[PDB]
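S.K.: Chains as they are written, first to last, in UniProt numbering: chain L, 21 to 125; chain A, 62 to 170, 179 to 333, 343 to 708; chain E, 58 to 335, 343 to 709. The beta-carbon is built from N, C-alpha and C at its ideal position, and this holds for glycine as well. Here it is: the structure, laid out below.
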Amino acid sequence: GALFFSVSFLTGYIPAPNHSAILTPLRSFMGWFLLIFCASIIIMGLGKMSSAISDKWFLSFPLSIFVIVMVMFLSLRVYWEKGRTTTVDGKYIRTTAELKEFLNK
Amino acid sequence: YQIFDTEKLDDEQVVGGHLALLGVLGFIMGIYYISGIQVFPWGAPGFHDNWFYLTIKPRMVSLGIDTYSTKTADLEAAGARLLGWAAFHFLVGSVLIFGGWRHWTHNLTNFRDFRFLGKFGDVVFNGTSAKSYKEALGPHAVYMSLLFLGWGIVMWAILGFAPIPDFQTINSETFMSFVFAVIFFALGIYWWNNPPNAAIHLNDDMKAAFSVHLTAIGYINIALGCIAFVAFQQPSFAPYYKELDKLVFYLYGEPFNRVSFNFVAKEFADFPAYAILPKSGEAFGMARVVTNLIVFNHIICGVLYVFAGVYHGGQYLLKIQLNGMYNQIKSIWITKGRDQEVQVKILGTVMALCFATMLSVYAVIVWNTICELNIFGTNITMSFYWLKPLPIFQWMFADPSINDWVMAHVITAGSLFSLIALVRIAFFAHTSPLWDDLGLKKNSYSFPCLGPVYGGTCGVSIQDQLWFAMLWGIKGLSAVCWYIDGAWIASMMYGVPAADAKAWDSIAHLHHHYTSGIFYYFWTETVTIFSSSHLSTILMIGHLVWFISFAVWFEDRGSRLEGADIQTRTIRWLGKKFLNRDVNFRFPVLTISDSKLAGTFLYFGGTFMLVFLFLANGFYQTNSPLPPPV
Amino acid sequence: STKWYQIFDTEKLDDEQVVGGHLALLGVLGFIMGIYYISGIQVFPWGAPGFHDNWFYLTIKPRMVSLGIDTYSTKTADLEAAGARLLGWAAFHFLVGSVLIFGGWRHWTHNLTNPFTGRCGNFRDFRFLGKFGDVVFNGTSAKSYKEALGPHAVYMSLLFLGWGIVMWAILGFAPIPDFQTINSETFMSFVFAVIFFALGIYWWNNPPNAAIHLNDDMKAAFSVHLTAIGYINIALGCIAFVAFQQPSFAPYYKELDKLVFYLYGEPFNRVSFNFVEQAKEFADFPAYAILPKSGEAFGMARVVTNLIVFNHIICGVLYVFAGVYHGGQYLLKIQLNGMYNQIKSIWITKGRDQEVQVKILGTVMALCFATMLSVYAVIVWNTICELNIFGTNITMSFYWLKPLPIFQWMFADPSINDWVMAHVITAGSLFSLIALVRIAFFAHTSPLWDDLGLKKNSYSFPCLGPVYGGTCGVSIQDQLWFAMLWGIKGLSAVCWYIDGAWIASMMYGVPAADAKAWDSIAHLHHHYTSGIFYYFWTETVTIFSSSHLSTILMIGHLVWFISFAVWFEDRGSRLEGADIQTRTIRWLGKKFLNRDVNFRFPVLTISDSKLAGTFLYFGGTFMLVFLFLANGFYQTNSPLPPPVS
Ligand code: BCL
Ligand code: BCL
Ligand code: BCL
Ligand code: BCL
Ligand code: BCL
Ligand code: BCL
Ligand code: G2O
Ligand code: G2O
Ligand code: SF4
Ligand SMILES: [Ca+2]
Ligand SMILES: [Ca+2]
């Protein structure tokens, strides 16, 4: 997909506000490459895993999947969504009555 | 389903069938014409409106048979003209059916050598007939010249239109009909002085000629659909179409004037009980609706005709491969696939190019979706919004955007995807490289299984490949429908309530607000469908047909066979219990080839039964773009 | 042909091997439970916020509230106490699961040596404990599953007593016989400990005899226990739906509606293209932060109830189907082995006569056909009447058809909807039972295959060819797939009913007149969310609103229409297409590779194609049904007025 930058230069488009025009085709090509690369990784890894799994893999499969989901939740707190959605004044409004109170405001 | 096989019919049988069918077409044309007369000359209320007649109506407006005028007397005069023309169609169709029966049944008087309009039939064609098809191309062209000349003289004499050659009026149709009569006459006289040379359709040729002509007609129908979509959008055709937006239409199955339960109350005043409620044409965009119906009908009919032409050509190819005629065809249309190495090259190239472009466009679509829903923290600035048709290609599209790019790439990918199966039909009809490697050849146009071997061998036959071609072209036809109904095919959820879903209009600065993304289009069309009971019934019936197709689609016929044996035993036992020795009613389970036939029939039938609802709910595309979400 | 889904097959495993596998699974499950408990920490004991309300934890939550853990408190100190208890119990689960995984590995290796005392413990002979085993059993179950039921019930009694003790000491719930309050589950745990100890000692002194399973327990006992526990799971789902709707559970479930949740993937406050964090919708919350979703509008109580109930229900139905399939596999094994004629028990001898099989399957088919035709005619007639086609108003519909007053006790608002729900459940049960009976009886030879001289010689053979124009999918595996597809309808009915939908008609609530007048003529205080077809339109509002649910929607749909490719009769077409693909990839030769491309494009076997097709079909269908149950309850207790007075 080395030609994406060229066609971006040849197309007449207005970039998104306050976003670099140079990196936009880079972003889109990175997304396309990521999608194709992750699909290929999934296909190849599962093709190799079908043949690599055995009775000696009994110690690996459950625990490895556990590790995957463990770091998945850890990422859910680490990089993806951090916090309890604290209110800017500082709160964790859990009671719906407070939600009506701030719908009044 | 093979009762009208070409090998069973002679040429005169084909002539008779075609004549009977043209007569019945005239009869149903009269049926539609009398089904569209808004107010009778009697003065009584007439037929409300039909999608048949709403499709036909712009043509009658162009021809002056029917008018869009707002005067009751004008509509009565239009109905009188409609009834007169319907009676003419009825009578001429009756005559055509009479000829069809006199030709299907060989009772006349010389079909091998005859005279056609002998007074000048000795001037043209030397007072003799067209012995063979190559000699028949000439007289066929001259007959079409006579048809064009007849249209011209009828338009001038009965419809009273001028021969003015300016291409912004029906007088253009008159002038060009005369010009086409002249051109067809020239082509026919040349062909009579020199018959063509494509010998493959001059031997036993019914299936071969039928296949090639059906493919040509299918491509002609696709071209006609594109041409009609462009022209019906042109301002010159606007007087005959855009007035559909300016008129109201009362269609069957619309929400009736809702009655009460203690009624001798009604919803709307002065409109009687159970009365079809009025609809404004501006809300439906009835001009776009009608052109969508016509164009998509032509497009799907062309696609199906191409697929069936390829299938019948594959049938003929298998026939000439079985009796050894394949290896002695001097026509280039066989020499380019006889080597069986160019076949592999062609199919592999088509598969690879289809794979590349389809993977590219699918990746673009899913990335647009991901940037839409902010999955994995992707903003809308990460999408393919820079990606547009080039200015060189921009003249093809109005309001150029990623939508048009994805539409073009998707339709090309779908064409190539169906072409994969079409080429498989075209080349591997008797010999396939795998089946040459396996040592097993094929001998029937419908051999479904050939047993579970090398993992299984389902669906190798020509007929099964036709079914697969139709299945894969369903996606291309859906793309066509969704583009002509205004759906945003570039992404999956556009205009949906979510983050950065409206933002497209603020990002691409579009002058046309498209309806919805792929998955939000169903919702935004069913919001209008569910009002109509008729469209709802079509919706449910289409889904019913679709899922009943799966009982014969899946690899389950044997399970159905043993279950039918069990059902037969149960029925026999019970009918012998409560009734005396009644033994009958074996449960019939369709064979696997017939199972695929029925499955494709139901699948296509339902799917496009529902696509009709997509194309008939309304356009519902606004010119005002969505605001930024900010 | 040993595939990657046959390496863990029981035929290759011993009793100790499966013991080790079960213990490894229990430990891994404990580790996963620790993950979930950590995921439920709303405020970290460090003094910081917590995790964003995973569906896993949102399901786990009310049960934790039943215990001393996980207070329904907006007060930060008490919520920190909740987090502390959750984290501590998660660490305890982690430790116990680690020890369980260690024991599972020891039993997988058949290496049972105690580090403190260098002795080897024989699996066939041992004492359960130093003195307790000699007190109760004086030995070990003699390697026979029937003799183990006693000790197994004794161990279950021990576990019940331990649960009572844990509730008494750590969780502080004193057993009292008041069954409305929480502090009776421990009293009933003690009662069950007594009852199951009695049953265990009785079964140890008097082992029940069903000699079919003992020989090849690995499949026969597996099938029987799996079907039994599938029905147990269905019963647990029903009991859960009834109880979670009771006022006794209300302090632990209705309060879930009172409190709001910040879910992962729930829509965030949307910033503009130019947000100078040095324009933002909902500025009070921080940028790209999850907007609260109110439980009262979301119906979180019934959403969690539905998730639990349908999880257990579908797991039970799948377990029933798998039990029938594995029993069919065992029956095929003994049919090829000649042991089918030698079983000598009622569970086989009754089905040994093919005419009895014919009678049973014919009765099931007749009942299924009659009930299905009746209920389907009712549904389509209601749809016709409400859409008014053929000139029929809803007065001609089946609104009069209520459940019988004697049978009305088990419904909230008696209506045609409950009637159709019950009839559809019975019809779908019999519909799947047709294929389950086919697996049970026709594992080797159907009466057709008795008349036509063929016999099924494998559990995963594709077919028998195009002979007789059929033979597709007569393998017990393929009958299982058909049973699963047939029970998809029943599971869908279950989900739509528990979520709230008008199953008696198709388009209920559409802008048509008599569709809206259904409630007016039916006299219902409950307004069902919508009809069968209108259910999607009404319940996809939230699914579209939430980006995460839309992502699941797309992925499930992709999975389904990829299942389509392997479900159809196209394997040979795909094989020749793959050969063409291989030939063009070899045509990458002379594209300047100089590398022999030894990559044959693979195409799945039909026995594998149906496997993948069913797995993806079920997976997409119920990945989407998860969104059905996660859209919300959205049932308002307000009857609809007639459109026209
Ligand atoms: C022969 C079958 C039936 C019949 C069935 C139909 C059907 C079906 C339809 C009509 C329609 C019409 N018919 Mg009629 N009709 C018949 C007999 C007649 C007679 C008569 C002399 O008795 C008349 C005056 C008419 C008149 C009319 C018009 C009111 C109307 C529009 C015609 C027009 O566009 O034609 C223009 C005429 C021509 C261009 C003549 C040449 C035809 C060309 C060759 C057709 C193929 C073109 C395509 C591009 C492929 C070319 C491929 C190769 C390159 C050559 N029909 C008989 C009874 N009638 C149409 C309709 O109602 O529109 C809404 C319509 O589609
Ligand atoms: C112009 C574009 C096509 C073309 C269009 C058609 C179409 C379209 C049909 C045929 C049909 C036939 N074609 Mg042709 N035909 C072409 C060129 C050829 C050539 C040739 C090149 O010389 C040959 C040898 C043939 C050969 C044949 C025969 C196999 C058959 C006529 C026999 C008969 O009994 O049919 C008569 C058979 C019918 C009466 C049954 C099928 C039609 C329907 C079911 C009935 C018509 C009424 C209709 C449903 C009423 C409308 C109701 C409203 C929708 C509410 N075609 C080109 C390639 N031909 C017909 C046939 O059935 O093929 C199998 C047919 O339908
Ligand atoms: C353009 C004119 C016609 C056409 C005319 C014919 C004729 C005539 C015959 C067939 C026949 C067949 N047709 Mg065809 N066919 C067309 C469209 C198609 C399409 C399609 C693109 O979807 C398909 C899949 C088929 C399928 C088939 C097969 C069943 C069969 C050919 C087998 C083989 O060995 O071919 C090998 C051939 C090829 C690989 C292509 C050959 C192309 C020739 C050499 C022309 C030059 C190509 C060049 C790029 C064009 C430049 C433009 C110039 C102006 C010429 N047709 C169009 C509509 N077809 C044969 C049969 O038996 O019919 C029953 C037959 O005799
Ligand atoms: C309700 C309790 C159920 C039950 C629930 C489960 C569950 C749940 C699991 C097993 C597992 C196994 N069970 Mg069991 N099983 C029951 C009754 C039995 C009986 C019997 C009474 O005769 C026997 C002999 C077995 C035998 C077995 C083996 C096939 C396997 C463990 C040994 C091994 O080391 O695996 C070698 C391999 C491993 C231990 C791990 C391999 C990797 C992963 C974890 C396998 C997951 C498969 C699948 C996704 C499980 C999904 C459940 C669904 C979500 C509903 N089960 C009871 C009635 N059993 C596991 C197994 O492997 O299933 C195929 C498994 O998943
Ligand atoms: C067992 C495998 C895993 C594990 C996985 C799970 C799972 C999975 C769950 C818990 C949950 C619980 N775990 Mg734990 N947990 C383990 C180890 C432990 C140990 C321990 C010292 O071993 C303890 C004290 C606990 C403590 C607890 C509680 C905090 C909590 C509720 C228990 C309860 O209601 O049981 C009830 C006890 C009984 C019914 C009696 C004992 C079991 C009897 C003998 C077996 C039959 C009943 C069976 C469970 C249900 C079948 C009913 C049919 C009608 C037959 N875990 C190991 C590491 N833990 C629950 C949760 O968090 O809820 C939200 C939960 O569902
Ligand atoms: C009731 C307790 C258990 C049960 C316990 C067993 C036992 C024990 C055995 C089987 C075995 C089998 N099980 Mg079972 N099984 C149950 C539920 C089912 C269901 C179901 C969906 O209801 C199905 C389809 C199956 C399927 C099967 C077959 C694979 C196989 C029997 C074949 C045969 O010839 O049967 C012939 C048919 C019968 C004998 C039917 C009649 C049943 C009883 C004996 C008679 C009285 C019941 C009466 C008819 C119904 C009304 C009263 C009831 C109390 C409700 N199980 C429940 C969960 N199953 C056997 C096998 O080999 O496993 C691998 C085996 O060893
Ligand atoms: C509503 C649509 C459907 C039916 C109607 C039906 C009828 C039926 N089928 Mg089916 N089926 C699917 C849908 C329907 N299958 C799908 C979408 C799949 C994809 C996986 C599928 C798959 C398999 C496999 C693999 C096997 C079968 C059988 C088997 C039966 C045998 C006896 C039986 O089940 O009695 C129980 C009786 C019923 C199942 C039918 C009662 C009528 C009802 C009220 C709905 C009426 C629908 C419609 C109005 C009728 C037509 C009139 C008008 C519209 C022109 C049997 C009556 C097989 C056997 O013969 O043995 C069981 C077998 O092996 N299937
Ligand atoms: C997303 C859905 C689908 C594909 C992806 C696909 C891929 C594919 N198939 Mg398919 N298929 C259906 C859906 C899909 N079939 C349905 C619903 C039916 C029911 C009728 C069906 C049936 C048949 C028959 C009967 C035959 C085939 C073939 C054939 C190909 C050979 C080369 C080609 O056509 O490339 C053109 C196709 C591609 C560009 C596909 C690769 C990227 C893609 C753009 C989208 C990427 C989606 C992604 C891979 C999913 C997960 C990503 C990640 C998690 C790993 C070939 C690449 C056969 C042959 O080998 O020759 C054509 C053959 O005989 N089919
Ligand atoms: S179509 Fe059916 S019988 Fe034929 S090979 Fe496929 S599964 Fe076997
Ligand atoms: Ca529309
Ligand atoms: Ca819902």
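Where does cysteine 177/E sit, in a helix, a strand or coil, going by DSSP?
M.R.: Of the three classes helix, strand and coil, the one that applies to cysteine 177/E here is strand, per DSSP.
S.K.: Starting from the Cα of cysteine 295/E, find the closest Cα among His591/E, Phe362/E, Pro324/E and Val381/E and give me that residue.
M.R.: Ranking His591/E, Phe362/E, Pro324/E and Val381/E by Cα distance to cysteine 295/E puts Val381/E first.
S.K.: Suppose contacts are defined by Cβ-Cβ distances below 8 Å. Is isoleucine 443/A in contact with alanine 557/A by that definition?
M.R.: No, the pair does not count as a contact, with Cβ atoms beyond the cut-off.
S.K.: Kindly say whether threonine 44/L, judged by its beta-carbon, lies nearer than 8 Å to any beta-carbon of chain A.
M.R.: Taking Cβ atoms only, chain A reaches closer than 8 Å to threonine 44/L, which makes this a yes.
S.K.: Compute the beta-carbon to beta-carbon distance between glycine 641/A and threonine 535/E, rounded to the nearest angstrom, for a pair I have assumed lies under 8 Å.
M.R.: About 13 Å separates the two Cβ atoms, so there is no contact after all.
S.K.: Which residues, in order along the stretch 538–556 of chain E, keep a beta-carbon less than 8 Å from a beta-carbon of chain A?
M.R.: Going along the stretch 538–556 of chain E in chain order, one finds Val538, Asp542, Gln543 and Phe546 with a Cβ nearer than 8 Å to chain A.
S.K.: Quick check on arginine 47/L - is its C-beta less than 8 Å from some C-beta in chain E?
M.R.: So, not an interface residue.
S.K.: Alpha carbon to alpha carbon, what distance is there between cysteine 177/E and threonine 170/E?
M.R.: One C-alpha to the other measures close to 5 Å.
S.K.: Name, please, each residue of chain L whose Cβ falls closer than 8 Å to the Cβ of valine 439/A.
M.R.: Those do not exist, as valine 439/A stays about 11 Å from chain L at its closest Cβ, beyond 8 Å.
S.K.: Taking the alpha carbon of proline 324/A as the point to measure from, which residue in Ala351/A, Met460/A, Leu313/A and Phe330/A has its own alpha carbon closest?
M.R.: Measuring from the Cα of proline 324/A, the nearest candidate turns out to be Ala351/A.
S.K.: DSSP three-state call for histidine 487/A: helix, strand or coil?
M.R.: Correct three-state label for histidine 487/A: helix.
S.K.: For chain A, is any of its Cβ atoms less than 8 Å away from the one on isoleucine 34/L?
M.R.: Chain A contact via Cβ: present.
S.K.: From the beta carbon of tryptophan 52/L, is the nearest beta carbon of chain A less than 8 Å away?
M.R.: Judged by the 8 Å Cβ criterion, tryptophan 52/L is in contact with chain A.
S.K.: Counting only C-beta atoms, is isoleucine 61/L closer than 8 Å to chain E at any point?
M.R.: Chain E contact via Cβ: absent.
S.K.: Residue range of the alpha helix (DSSP H) that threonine 369/E falls in?
M.R.: Residues 364–401.
S.K.: Kindly indicate which three-state DSSP category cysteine 527/A falls into: helix, strand or coil?
M.R.: In this structure, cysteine 527/A counts as coil in the three-state DSSP scheme.
S.K.: For chain E, check one thing: does any of its Cβ atoms lie closer than 8 Å to the Cβ of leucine 96/L?
M.R.: Yes, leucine 96/L lies at the interface with chain E (some Cβ there is under 8 Å from its Cβ).
S.K.: Any heavy atom of ligand 1 within a distance shorter than 7 Å of the CB on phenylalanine 298/A?
M.R.: Outside the cutoff, so no.
S.K.: I want to see whether chain A comes within less than 8 Å of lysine 203/E, judged by CB atoms only; does it?
M.R.: No, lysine 203/E lies away from the interface with chain A (no Cβ there is under 8 Å from its Cβ).
S.K.: Any heavy atom of ligand 6 closer than 7 Å to the Cβ of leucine 549/E?
M.R.: Every heavy atom of ligand 6 is 7 Å or more from the Cβ of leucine 549/E, so no.
S.K.: DSSP has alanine 268/E in a bridge; who is on the other side?
M.R.: None; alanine 268/E has no bridge partner.
S.K.: Can you tell me which of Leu313/E, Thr700/E, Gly533/E and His508/E puts its alpha carbon nearest to the alpha carbon of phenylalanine 525/E?
M.R.: The residue with the shortest Cα to Cα distance from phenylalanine 525/E is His508/E.
S.K.: What residues are listed by DSSP as bridge partners for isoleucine 458/E?
M.R.: BP columns for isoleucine 458/E are empty, so no partner.
S.K.: Where are the beta strand (DSSP E) runs, 3 residues long or more, that stay fully inside the stretch 264–319 of chain E, in chain order?
M.R.: None, since the stretch 264–319 of chain E contains no complete beta strand (DSSP E) of that length.
S.K.: I believe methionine 687/A touches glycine 620/A by the beta-carbon criterion, under 8 Å. Please report the beta-carbon distance rounded to the nearest angstrom.
M.R.: Their Cβ separation, rounded to whole angstroms, is 4 Å, which keeps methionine 687/A and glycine 620/A in contact under 8 Å.
S.K.: Helix or strand or just coil, what does DSSP make of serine 358/A?
M.R.: Of the three classes helix, strand and coil, the one that applies to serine 358/A here is strand, per DSSP.
S.K.: Helix, strand or coil: which one does DSSP assign to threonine 700/E?
M.R.: If DSSP states are grouped into helix, strand and coil, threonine 700/E belongs with the strands.
S.K.: Do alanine 504/A and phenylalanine 546/A have their C-beta atoms within less than 8 Å of each other?
M.R.: No, they are not a contact pair.
S.K.: Is the Cβ of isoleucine 670/E closer than 8 Å to any Cβ of chain A?
M.R.: Yes, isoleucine 670/E counts as interfacial toward chain A.
S.K.: Please determine, among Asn263/E, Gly107/E and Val156/E, the residue with the shortest C-alpha to C-alpha distance to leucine 86/E.
M.R.: Selected option, being the one with the closest Cα: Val156/E.
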